[PDB]
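Below: one structure, written as structure tokens.
Here the Cβ is made from the backbone with ideal geometry for all residues, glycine too, and neighbour counts use every protein chain on show. Here, each number is a calculation from the coordinates, and none is a lab measurement.
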Amino acid sequence: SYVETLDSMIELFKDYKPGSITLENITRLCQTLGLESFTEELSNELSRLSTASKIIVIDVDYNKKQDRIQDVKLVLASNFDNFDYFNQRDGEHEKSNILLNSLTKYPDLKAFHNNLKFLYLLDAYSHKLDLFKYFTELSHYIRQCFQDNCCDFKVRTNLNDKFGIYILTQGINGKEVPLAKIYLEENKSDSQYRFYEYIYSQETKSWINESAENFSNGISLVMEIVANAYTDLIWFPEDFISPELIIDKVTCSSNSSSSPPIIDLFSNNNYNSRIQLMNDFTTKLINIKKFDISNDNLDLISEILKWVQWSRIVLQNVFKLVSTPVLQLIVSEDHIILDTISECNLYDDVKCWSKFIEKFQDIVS
Amino acid sequence: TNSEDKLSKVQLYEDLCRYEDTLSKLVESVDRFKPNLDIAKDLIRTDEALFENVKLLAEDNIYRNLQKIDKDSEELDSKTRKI
Amino acid sequence: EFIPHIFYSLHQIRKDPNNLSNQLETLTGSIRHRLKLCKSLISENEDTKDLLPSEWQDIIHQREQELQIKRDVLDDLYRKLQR
């Protein structure tokens, strides 16, 4: 418990004071991650800091006259050279480099440290599973899985100068809104946890493990829900997903009485006087931020995202409209019924959900 | 005697005071080889407050300009006095 | 100068706690040295401690009122003496 507490304190200090962007602080940060580092003088005006590990080599070009980083290059010693370290922006011909941006657009090393920790994770845990190859290809397999399953989700890599596979929905204004981020994290619970390569087969329309011999140990594929943030939190039925797949449960620590705002809305008589609210939930609502979607759990991505989208479009809007100061409104886990007037369920199309909310708003206004 | 009272009146004096207190707590913690996070975070936020007050002191020059215009005032008064 | 040195020593504390106790003790002693000289330098100079908000506005108001009364009396003298 001393080592775990010390590591937690070290993580807290690293996050609380990331340090200023200087060549010395970048070198110290790389050395703190166990990266080999050397500095070369390319010219009287230019110095290069080169940092290396098992697979990754990072060259950082520093302009001595301007006191500024000029360029950053990632090179892999893998047979896979096609690792995307650029931001995916639609319509810019200049692929903006994530590592360079993390050192030029931010006031501190926090953005660079997080991106370097991610590259170091892939480096440490890549062998015959190549995680640089697999993580690149996974973004294509997820995009295909959504096309085959008729899911209206867009897949982008590398959003806002951060490594990750981002899942976007169309918002009300046609603006793309991130729903979730998929990335690899170290499995703190089980160092013997086998992480396999799963490919989405176009032929079977399923995830398949082609090579059960290709695994890495002590890594998990994590799906993080991107909250736009208590009303913007996503709540799940306690039995919606197996508790073994829940990495981060937001425990409302026992000294602030924040029920789900949903459950406080079954307890507090401050309703729209036109609606009698009926709760038909059989399970408790829990706030989940992170899911383990490793191995056979890749099928759950579409189910989790449909719930997140339904919860945002239907549940959160119903709650907002009921909470603003007689028709019966029945709210259950997968269906909502407004007397004999309108209903919608979790398995209906987004167009049915929008029509339900429009009709509900017209009645409640 | 009133000098120290005036010095204690300005905030950055209290700022250096509790910054010293926070480092005293930190050194006591490391002496016990039991580093407490709250002490270090208090130290860093107090240092930040010190540094913002360091900027706030700089925009000094207004008092100096008031001082020169005061000298102009009394020299004009003396000139008109001998007149 | 003690500010940048405090910053830097702070950062190699927060970057490398895994250094042996010798480095931690020596570096904490160095920070204690820098803040000791800090408090000393604060101590000998009264002006900085005074530096360390409506009074400036009051001084500006008194300066402008004395300036305008001087202008008025000088205008009166100019008007009277021209005869």
Anchor B:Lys55: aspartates and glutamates whose Cα lies under 18 Å away (excluding residues fewer than 8 positions away in-chain): B:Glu14, B:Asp15, B:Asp47, C:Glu1, C:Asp47, C:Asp50
Charge dipole (region A:65-150, unit charges on Cβ, about Cα centre) - positive-most of A:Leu74, A:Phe146, A:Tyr106: A:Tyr106
Size of charge dipole - region A:112-266 - debye, nearest 20, with Cβ of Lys, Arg +1 and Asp, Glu -1, no other charges: 380 debye
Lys/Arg +1, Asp/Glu -1 at C-beta; the protein assembly as shown dipole; positive extreme among A:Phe236, A:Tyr196, C:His11: C:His11
Sequence-distant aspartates and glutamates (8 or more away, or on other chains) whose Cα lies within less than 14 Å of A:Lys351: A:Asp152, A:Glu343
Projected label distance in nm at A:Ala229 and B:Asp70, using a 7 Å step from Cα toward the beta-carbon: 5.4 nm
Karplus-derived HN-Hα couplings along region C:4-15 (A = 6.51, B = -1.76, C = 1.60, θ = phi - 60°), whole Hz, x at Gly and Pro: x, 5, 4, 3, 5, 4, 3, 6, 7, 5, 6, 8
Chain C - charge dipole about Cα centre, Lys and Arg +1 at Cβ, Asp and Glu -1, debye rounded to 20: 160 debye
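DSSP loop trypsin sites (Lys or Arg not before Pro) in region B:7-41 with at most 15 other Cβ atoms within 10 Å of their Cβ, which ones?
Details: sites: B:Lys9, B:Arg18, B:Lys25, B:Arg32, B:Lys41; in loops: B:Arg32.
In loop regions of region B:7-41 (DSSP not H, G, I, E or B), the sparsely surrounded trypsin sites (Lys or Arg not before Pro) are B:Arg32.
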Cβ-Cβ FRET estimate between C:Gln82 and C:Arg34, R0 fixed at 60 Å, reported to 0.05: 0.30
Inter-part distance where region A:200-270 and region C:57-71 are each reduced to a Cα centre, Å: 68 Å
For the protein assembly as shown, size of Cβ-based charge dipole, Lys and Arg +1, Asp and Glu -1, in debye: 1300 debye
Region A:23-89-region A:314-343 distance, computed between alpha-carbon centres (Å): 55 Å
Entries of A:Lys154/A:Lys306; A:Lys54/A:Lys95; A:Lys54/A:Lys105 with Cα pairs more than 22 Å apart: A:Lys54/A:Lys95; A:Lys54/A:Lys105
Residue-averaged beta-carbon neighbours from other chains (10 angstrom radius) around A:12-19: 5
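What is the sum of charges around A:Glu41, taking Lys and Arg as +1, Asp and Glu as -1, for the other residues whose C-beta is under 11 Å from the C-beta of A:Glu41?
Its environment carries a net charge of 0.
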Percent of alpha-carbon pairs separated by more than 36 Å within chain A: 34 percent
Within-14-Å neighbourhood charge of A:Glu4 [Cβ basis; K, R +1; D, E -1]: -2
Within region A:25-77, GluC sites (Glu not before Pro) in DSSP loop having at most 12 other beta-carbon neighbours inside 10 Å: A:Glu45
